[PDB]
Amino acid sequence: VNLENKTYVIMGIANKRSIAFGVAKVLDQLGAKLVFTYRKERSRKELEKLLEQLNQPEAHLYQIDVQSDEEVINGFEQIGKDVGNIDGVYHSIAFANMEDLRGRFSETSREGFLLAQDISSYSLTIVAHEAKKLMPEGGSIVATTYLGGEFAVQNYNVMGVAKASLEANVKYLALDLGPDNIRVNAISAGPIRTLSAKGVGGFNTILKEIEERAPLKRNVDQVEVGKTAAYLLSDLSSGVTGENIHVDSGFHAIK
């Protein structure tokens, strides 16, 4: 897994604790050129500060709010003009309203339900469609999911149904883009202390249950999602598509 002469777009860094910064440090250390997308100007300010830890000689930064077709379309097109063709996209983007990450799922509003779908699942479909234009030789696209996608986890609620939708999105994109040699896959990460994790009810007690109950008896971190991302995004994983790799101390496998 030497990645010199590769270029990857990383979507969804907000600060030093983001899962996408884990990916970024791993890829950067393997020699990749990196392009970052963000939403909030605060995330750009964090990226400028974090970029000083990386070996990248150039800040390639683009504001993409994935709710806007125009911004995705113009964002990727612009990326293609500044760096030319890419080898892969790491997608690390989800959002739901805090009301909807606690209490009763049956009480979820239409607008909350569709908001999480839009940002957390559809963004992947239109990103694949646009990033595909920069991968005429093929490449690799990886999104971040959680076990809540496969089973009902108390409190994860509307996000779990968005992650179900995302994981199917990965399977349908993989079938669609396979003949173009673009592999599509998901990493199912265990709980990691990030900014978004702060909004999820019961997150702390899940972290503890992982330590007690998961095969490795410990929580995973961002760099460990990064290591698996490096695998998924490179030729080491050349025959692998439509797959979901749980980076979660084995927790998915037990009951």
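Residue numbers run from 1 along the displayed sequence. By rigid core we mean the largest C-alpha set that fits within 1.5 Å across both forms.
Larger average C-alpha displacement in 9 other deposited structures of this protein, relative to the shown form after a rigid core fit, is seen for 156 to 164 when comparing 156 to 164 with 174 to 182. In terms of root mean square C-alpha deviation after superposing on the rigid core in 9 other deposited structures of this protein, the stretch standing farther out between 210 to 218 and 24 to 32 is 210 to 218.
Mean CA temperature factor is higher for 12 to 20 when stretches 12 to 20 and 240 to 248 are set side by side in the entry.
For the pair 129 to 137 and 168 to 176, the mean B factor over Cα atoms is greater in 129 to 137. In this structure the maximum Cα B-factor among 161, 184, 86, 124 is found at 86. The entry assigns its greatest Cα B factor, within the set 192, 225, 61, 214, to 61. In this PDB entry, residue 145 carries a Cα temperature factor that places it within the lowest third of its chain's modelled residues. Annotation for residue 229: C-alpha temperature factor in the lowest third relative to the rest of the modelled chain, per the entry. Residue 188 sits in the lowest third of its chain by CA B factor, as recorded in the PDB entry.
When the modelled residues of the chain are ordered by their C-alpha B factor, residue 76 lands in the highest third. For residue 114, the recorded CA B-factor ranks within the middle third of the chain. Only modelled residues enter the ranking.
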